[PDB]
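Remarks on the structure that follows.
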Amino acid sequence: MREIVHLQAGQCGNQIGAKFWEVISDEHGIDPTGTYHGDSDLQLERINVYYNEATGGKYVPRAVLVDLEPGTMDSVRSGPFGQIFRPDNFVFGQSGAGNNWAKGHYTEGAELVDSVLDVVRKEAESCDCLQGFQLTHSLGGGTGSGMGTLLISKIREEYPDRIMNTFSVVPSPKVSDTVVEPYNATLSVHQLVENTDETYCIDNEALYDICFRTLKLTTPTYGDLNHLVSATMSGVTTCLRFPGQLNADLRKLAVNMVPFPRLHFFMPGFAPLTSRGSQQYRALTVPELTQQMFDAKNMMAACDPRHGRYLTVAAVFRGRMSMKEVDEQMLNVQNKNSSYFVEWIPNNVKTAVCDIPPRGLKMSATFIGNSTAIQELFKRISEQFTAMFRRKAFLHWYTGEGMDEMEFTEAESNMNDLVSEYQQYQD
Amino acid sequence: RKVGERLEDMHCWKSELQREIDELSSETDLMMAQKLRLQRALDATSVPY
Amino acid sequence: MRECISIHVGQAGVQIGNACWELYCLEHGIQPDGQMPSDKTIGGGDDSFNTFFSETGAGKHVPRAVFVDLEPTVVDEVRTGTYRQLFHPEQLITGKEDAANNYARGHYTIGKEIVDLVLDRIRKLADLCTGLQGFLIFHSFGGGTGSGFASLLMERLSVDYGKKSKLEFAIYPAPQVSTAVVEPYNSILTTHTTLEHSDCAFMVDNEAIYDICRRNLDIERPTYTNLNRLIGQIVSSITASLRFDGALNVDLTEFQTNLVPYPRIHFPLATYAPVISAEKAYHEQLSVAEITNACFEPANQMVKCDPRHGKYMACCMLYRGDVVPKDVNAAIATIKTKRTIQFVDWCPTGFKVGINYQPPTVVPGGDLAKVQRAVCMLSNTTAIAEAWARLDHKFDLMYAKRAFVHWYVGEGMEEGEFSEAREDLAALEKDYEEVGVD
Amino acid sequence: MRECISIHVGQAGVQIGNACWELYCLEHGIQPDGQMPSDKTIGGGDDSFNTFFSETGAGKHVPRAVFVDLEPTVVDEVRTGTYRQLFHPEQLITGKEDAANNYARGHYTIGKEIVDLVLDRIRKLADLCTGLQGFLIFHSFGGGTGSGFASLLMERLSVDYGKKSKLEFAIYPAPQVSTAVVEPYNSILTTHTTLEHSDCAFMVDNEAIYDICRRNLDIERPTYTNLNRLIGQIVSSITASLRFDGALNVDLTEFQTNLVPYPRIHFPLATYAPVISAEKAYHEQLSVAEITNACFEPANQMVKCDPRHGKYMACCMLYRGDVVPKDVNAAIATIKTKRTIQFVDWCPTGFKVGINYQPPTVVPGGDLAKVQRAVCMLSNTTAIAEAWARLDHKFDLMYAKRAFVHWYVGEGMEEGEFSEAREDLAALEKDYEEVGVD
Amino acid sequence: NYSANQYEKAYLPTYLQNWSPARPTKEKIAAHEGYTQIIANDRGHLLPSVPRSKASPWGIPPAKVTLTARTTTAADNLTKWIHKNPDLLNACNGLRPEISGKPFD
Amino acid sequence: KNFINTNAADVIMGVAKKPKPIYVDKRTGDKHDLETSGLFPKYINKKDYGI
Amino acid sequence: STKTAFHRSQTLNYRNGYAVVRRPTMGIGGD
Amino acid sequence: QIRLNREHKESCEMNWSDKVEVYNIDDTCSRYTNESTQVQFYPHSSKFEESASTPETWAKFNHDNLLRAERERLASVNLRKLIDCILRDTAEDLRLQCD
Amino acid sequence: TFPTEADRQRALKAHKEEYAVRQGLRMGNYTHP
Ligand SMILES: Nc1nc2c(ncn2[C@@H]2O[C@H](COP(=O)(O)OP(=O)(O)OP(=O)(O)O)[C@@H](O)[C@H]2O)c(=O)[nH]1
Ligand SMILES: Nc1nc2c(ncn2[C@@H]2O[C@H](COP(=O)(O)OP(=O)(O)OP(=O)(O)O)[C@@H](O)[C@H]2O)c(=O)[nH]1
Ligand SMILES: Nc1nc2c(ncn2[C@@H]2O[C@H](COP(=O)(O)OP(=O)(O)OP(=O)(O)O)[C@@H](O)[C@H]2O)c(=O)[nH]1
C-alpha cells in the first residue's frame, strides 16, 4: 500500500513529535510499551499507513528525530513514551547550534546529511509506496531552518514524484525572543516557497487568545499547545486511515486547494471549543458547528481573515453526520457573504466526511483554508528585516561563516515579489 | 400456495436465531478472556506485600 | 439467452451497485450465503436468476458484474461485509492510487494498466454468456477518478465490440453545488471524449433527490442509504422487462431506437412517480390518472430543468403493477390533449407504452410505502440546455485566466484538447437551438 | 509391454525424480514398505504398475530409474530418508567430485570413468526390458554439474541405439535470474553438442512457476515442494495415456512426429490450465470452454513468450477426466475462429487431440484443488526467439571481454567449441525466422 | 481456415459469443494444378529465386459511424479522424472499423 | 510583473511529461515494471539477430 | 388476483451448436 | 455471570434445533405430487386432528426468549466495563502510595 | 438538418422576431394569459 515516513527536527519538533505520536497511539489503542489490544477491528486493519510491524505485534513509528543538543533527546526518551522509538532513529551532532542559521545550513549539517539520508532512505526501502513525507519543525527554529532547508533540498531530487508536506510554527509578531530571528525567517522562507507544495502556518499569540477566550484555564502548558496542533494534524490526516465515503489523499486535497505553482500556504482551524459550563450548555448540532467553524475567534493561525478574502476553503467533518446539512450550511454561508469569497473562482467550498469519530466526542470537524490574509506576516518580517539590515546589524557572524549580502538581496526580492503576487491575484 | 408461504415464514426466524446465537458465543469468549486477565493480575498483586 | 453485464467504476458507483444487489437478491430469495433452501432450481443456471446470475452446479450465483476501484478502502469494506461469499473474489479489483479529480491522470498515468485485467474479465464472462443484450456502466461526471478510467475502458470496448448497446447513468453536477471545482473541467472532458462512442446517456441529481425526499417522503435527514435505494429501484424497474412477463415486452435496444432522435443528442431524464411514505399513502389512493399526472408534474423531476423552459421530443413510460390498457390509453390521450405540455411539431406519436403486471417490491427495513401501481418515466425534452449554458459560463470564466491548469500540463496534457472542447460544446448548443426551432 | 526408462542427472534432478516417484506410488496405491496390502496384485510384477516397476516374486516394486549424481550429498540424503526400502541401493550412482560448473570438467575430467557403470546398468535393465519405447531423461541447462554429463551419456546411448525415443526436460535459463555467470557458457555448450541426437526437449521457467504460484495458488511464500508437485503432475499427465485407457489413445512417437516439423528445432512448450486452489474453486465452475481459454491466456504459459508477437505451428491437447467429444470439438472450433491466435499459413490443421476418462488425483498436504477436468497443452510457436536472443547477446558481450576463458583453457579446452556454438545459434535465429516468413 | 459446408448453424460467433468477426471464409476454389514442386531445402529455407510474401508482416479516434447528418466540414474531418492510422488499420487481428452514411445538402 | 500573463505563458509552453508503460498483476497487484520485463517485451529488433 | 410470484421457466436455450427445447414443467408462477 | 450466560445459550440452542428439524421435515414433504410415489391409504384418526399451539402464542414464545437473551448480554457488557475501571484505579493508587 | 436553407432562415427569422416574449436561452414558452 501507500504509507508515510515522518520527519521531526529542532526542539520545536522535539516537543511536537512526542505529543503527536502519543496522541495517535492513544487513538489506535496501543499501550506505550507496545502490545496491542483490539477494540476497533478497523483500526487494527489500517495500520500500515504509519506503523511498520515489529515482531511480538509491536508497531514501530516510522519517524526520525534529529537535533544538535543531546538534552532534548534525553527528555524525549525519558518521557512517558520514550521506549517507543528506535535507538536507530536518533541521529545527532555534538556541538551546540545557537540559532545561527548560517552554521546550521553549512557548518554542522554538511557532515550529518550522510547519516540522516542513509537512515531515511533505509526506511524508504523498507516500505512499499510513499505519498511522500511530512516534516514537523519551526522556520524560526534556530536549528530548524538550518537542517530543514538542506534535507528538503536533497529529498526533492531524491524522490521528485512525491508529497513533501511541511508543518511549521511562525515566529510571533509581538515577540521573537531571538533578535536574529527575522534573519532566520527571511532566509528560510526563500527555499521554503521555492520547494514546498503545502505548508502550514500557525502562531501562538492567537493560541494565547484562545487560552483566554475558550480555554479559560489560567495556566496552560506549551505541551497543551502542542496538543491542540496535534489534534489538528491528526484530523487532517484521518481521511486516509478510516472507512466512510470521502476522498482522502493529500494531493487530492492539494490540486483543489492550490491555484498556481507559487501558492503553497495555509492556515488550520479547529472545531468545537468549550469552557467549563459550556459542556453542560452546548447543544452539539451541525448549525453551531458550522457557525463557530467559521469564526474569526476560532481563527488562530495568523490574523483575522476579515481583512482579506478567502480563495478556497476545505473542511473535513468527523463523526456520524449526513450531507444535506453540510450542503445547506455552506449554501447559507456563500449566500450570507458572496462578496467575501473571490469571483475568479466560483464554488470555492470543498468538503469531506469521515464517519469514524475521534475518541470521546461524537460531532467533530476541522478546517484548512487559503485566503488573502497572509500579507501581514511576511510584510511584518519584511520591515523587521529592512530595519535590522539598514546598517548591517549582526552581520559579522554570517560573513565570518561564509555567507554574503547578495544572498540576502535575492531572498528579499523573493519576499516582496510574492507579496505583489498574492495582492494582484486578489485584485 | 399456503404451505409455501408457511415455509418462508419459518425460514426467517431460523436465520435470526442463528445470528443471535453467534453473537452470544462471541460475548462468552470475550468475557472469559477478561476473567483470565483478572486472575493473572491477582497473581501479580502478592509480591509487594 | 437474456442477460446483461454490470461494470462499476468509482467509490461513487460501488455504493449504488452494492444497494442494487442488496435489493436484487431478495426478490428471487437468495440468502446472503449464496444458496437457496435445498430445492431443485440450480443446474446450468436456468431460471429467473439467469438474467443476472450464472449459477452453475456450484449452487452459487455469480453476480454478472465487475467492481473496479483504485482506493482499496470502501471496496475492502464490502469485501469484509456480509456478501463476501456472494461477490466473486477477483471480480473485485482494487488499486493502490487514485487519479485525484484529474481526468488526464486517470486517462494516461494509471488508466493504462488496469485495462488489461478488465478486458480479461469481460471476455471471460462473455464466453459463458449467450445473449448479452448489453451492459450497465456505473460512473459519475464529477469523477474524482471515475472520469479517465471510464472514458478509456468505454472506448476500448467500443473498438473491440461494436454491434451492441451502451447505457450510461450518472449523478449529474448540481446547478450551484460543486464538491470539486475541477468538475467543470473533467465533466466536459468526459462528455466530449465520450459522445462519439456513447450510445445512451442519462443523468440524475442528488439535490433534487433531497428536495423530493423532504417535500413528500417527510425525511429531513435521509442518506446515501435512501438515495441508493431509490436508484436501485429505478434500475430494477427498467430491468423488469427481462425479469418478469407482462402484456407486452420492451427492451433496452427499443429504448435506444425509440428515444434518441439524432446522432449526438442522447441525454434524456428519468423519473419515478409513486414516491410517498407509508403513513401518507395510507388514507389516500393511488390510481392511473393521478400517478401519470404527478409523474408529468414539473416539480417531481430529479434534474433542475423545468420542462416549461423546454419542449418534448419523446416519452417512454413503463407501468409496473396491476394496470389495464383501457385507462392506460385514455390517460395518455388526455395528456396529449392537455395544452401546457408542448410537444414539438414533429412527433405525431411519441409515447412508448410498456406494461407489466408484476407489483414492485419494497426493500425490507427500507423507506418507501406499499404501492400497487408504479410508472418509471424516461423523457427526451429540450429543457436540458439550461445546465449546459450553466457549464459554459462557468468554464469560460474559470478557464480564461488559466487556473489549476499547471497540474494537468505538467502531468502530461496540453491546451489543444481544452481548446477543442469549448467549441464542441458550443456546437452542441447551436445544435440544440437548431433542433428546437420549428 | 508399454514401458519406458527413467534417468536423473544431478542434484538438479534427483529432487524432482523424488517428487515424481513420491506421486507415482500414491495414485497407484503403494505403501512405502513396497509390498501391496492384503489385496492381491503381486507376482512377476505385471499389473498397471508394470510400466514403471517390476514387482517380482521378491514382493517389492522397483522403479525403472537410475539416479546418477556427481556429489554424494543428495543421494545419501535420499538413501537415509523415507523411500530407501523401495529404492535399489546402487542404481543410486554417486561420484566423488563435482564438475564445478565447467562443461568440460563434466565432459572430460569425470565423464570417462563413470559412463561405464552408467551404460552397464542401462544394459542390465534393457535385457529385461521388452517394449522399451523410450526414456525420461532429466537434466538442466544452467547446470551446476549435470549438463555436460547428460550430453555425453546421451551421445553414448544415441550412438549405441538409434531406433527409439528420447525425451528431454530441462529448466530453462531464468531470463533475468542467474545462479551462474557460467550459465550462458554451459547452456550453449550443451545446446550445440546436443542439437543433433535428441528427439523432443521441452522447457519451463521456474520464475513463472512461482509467478502463477502466487497469481492463483495464493501463497506469497511457496517452495520447491509446490513447484515440484506441479511438474510431477505434468509428467503424470504425459504418462496417463500409458497408464489408463479412454475413447482414443496417443503415444510418445506420435508426439515426436506431430509436434516438430523439421530437424534442428524440436523445442516446444508446455502448459496446464486448471491450476487452482480448493478455496478459490469452492464457489466457481470448471468446464471445457473456460479451461481452454485459460490454458490459452497469454500469461498462463510458464515461459516468457507472447502469443500475439508469435505465431503458432502446433498444438496438442491432452484431456483427462469426464468430458465429451462434442464440447471438445466445439471449444477447439472457437479457438480456430479466434483472431488473436495467428497460425502460420502452413498448418491447415494444428491440433493433436487425446482423451482419457481418468481424472487426476491429489495428495494429502498437496495444495492443488479437487479437479474433475485436466488438460495438458503442448504448443510449438515462433514466440521463443527472445530467449536465445537474450542468451546470445549476453554471451557475446561477456565473451568479447573473454573472462573465465582462463578457467576452460586451463582445464584443457579452447575457443573453437565457442565459435561453433556461436555460428550454430546465428543459424538458428534465421532458422526460426524465415520459416515464419510467409 | 476455409469454411465447412451445409451444416452452417453450429459454427458461428453465435456460439463463440464473438463480437469482432472471425475471418472471411469461403467454399470457392477451382481445381488447382501443379505437382507442387519443391523450393525448400531441408528446413523451410525457400530457394532464393522463388518469391514469398517476403516478411511483409514478418510476424480513441476510431469509432464506427454513419455520416448521416453531422455538419459537412465536421464529417470531412471525421473521415480523416477515422483513417490515417494504418497501425490500427492493417494487421494484428486486422483492426478494421467500418463506415456508413450520406452526404449533405 | 503581470504574473497572470506569466503563468499563462508558462502553462501554454508547458508541453508535457511522458509516462512509462508499467502494468499490474493481481487483486492488490504491485506496479511491477513492464518495459524490460522479459515477460512481454519488444526485444527482437536489433542489428545482430541471425547474422 | 391472489397470484403473487410470476416467474418463467426457461424451456428454451442453445447450450451448443444446435438449439434445444425442454419439457414444460412449471407454468406461470411455478406450478 | 458466566453461569447465567451459558444456561441461556443452551436453552436457545435447543429451540433452534427444534425449528431446524421441523423446517426440514416440511421441505421433504412439499415435493410431493399427485402422480408420484409416497401415496397411501392411511385411515382417519384424532391424532391427526390434535391441536397444541396457535400462531400468535408461538410467536410470543419466541419473542420472550429473544428478549431474555438480549437483556443478559447487556448486563454482561456493563459488568465488564465496571471491572475494567476498578482494575485501573487499584493500580494507580497503589503506585502513588509507593512513590 | 432542415432540408431547405429557405426553411432554415424562415424559422430563424420567426424565432428572432418572437424573441422577446418567449422565456429562458429565451426559447421556452411564455405561456400565461
Ligand atoms: N520545546 C519547546 N519549544 C518552544 C517552546 N516555546 C516556543 N518554542 C519554539 O521552538 C522553536 C524552535 O525549535 P527548534 O527548531 O528545535 O530550535 P533550534 O534550531 O534548536 O534553536 P532555537 O530556535 O533557538 O530553539 C523556537 O523558535 C521557539 O519559538 C516551548 O515552550 N517548548
Ligand atoms: N454514485 C455515487 N455517487 C456519489 C455518492 N456519494 C457522492 N457521490 C457523488 O459522486 C461523486 C464522486 O466522484 P469521485 O469522488 O471523484 O470518485 P472517483 O473519481 O472515482 O475517485 P475519488 O475522488 O477518490 O472518489 C461526487 O462528486 C458526489 O457528488 C455515492 O454513494 N454514489
Ligand atoms: N533439478 C533442480 N533444479 C533446481 C532446483 N533448485 C534450483 N534449480 C535450478 O537447477 C539448477 C541446478 O544446477 P546445478 O546447481 O549446477 O547442479 P549440478 O550441475 O548437477 O552440480 P552442482 O554444482 O554440484 O549443484 C540451477 O541452475 C537452478 O536454476 C532443484 O531442486 N532441482
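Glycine is treated like the rest: Cβ placed from N, Cα and C.
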- Query: In Swiss-Prot, the GTP site includes C:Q11, C:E71, C:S140, C:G144, C:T145, C:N206, C:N228. Which of C:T51, C:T179, C:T253 does it also list there?
  - Reply: C:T179
- Among C:1-4, C:85-88, C:237-240, C:281-284, where does Swiss-Prot put the label motif 'MREC motif'? C:1-4
- Query: Between the binding-site residues C:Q11, C:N228, whose Cβ has more other Cβ atoms within 10 Å than any of the rest?
  - Reply: C:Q11
- Item | Largest CA-to-CA spread of GTP binders C:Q11, C:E71, C:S140, C:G144, C:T145, C:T179, C:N206, C:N228, angstrom | 23
- Query: So which residues does the motif 'MREC motif' (C:1-4) touch in its own chain, when a touch means Cβ under 8 Å and the partner is 6 or more beyond its ends?
  - Reply: 50-52, 54, 64, 129-136, 239, 242, 252
- Neighbourhood of ligand 2 - recorded positions from C:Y83, C:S140, C:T179 with Cβ under 6 Å: C:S140, C:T179
- Note on the structure: Looking only at the recorded positions C:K40, C:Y83, C:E254, C:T179 (GTP binding site) has its closest CA neighbour at C:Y83
- Which state, by DSSP, holds C:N206 (GTP binding site): helix, strand or coil? helix
- Query: Tell me which residues of the chain lie with their Cβ under 8 angstroms from that of C:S48 (phosphoserine), as long as they are six or more apart in sequence?
  - Reply: C:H28, C:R243
- Task: Just give me the nearest neighbour of C:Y83 (3'-nitrotyrosine) among the recorded positions C:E71, C:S140, C:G144, C:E254, Cα to Cα.
- Result: C:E71
- Query: Hey, of the binding-site residues listed (C:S140, C:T179, C:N206), which one tops the CB count within 10 A?
  - Reply: C:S140
- Message: To the nearest Å, how far is the Cα of C:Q11 (GTP binding site) from the Cα of C:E254 (active site)?
- Response: 31
- Which residue, of the recorded positions C:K40, C:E71, C:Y83, C:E254, C:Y432, has its CB surrounded by the fewest other CB atoms within 10 A? C:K40
- Query: Taking the binding-site residues one at a time (C:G144, C:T145), which has its Cβ surrounded by the most other Cβ atoms within 10 Å?
  - Reply: C:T145
- Can you check what DSSP calls C:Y83 (3'-nitrotyrosine), collapsed to helix, strand or coil? helix
- Note on the structure: For C:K40 (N6-acetyllysine) and C:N206 (GTP binding site), the CA-to-CA distance in whole Å is 43
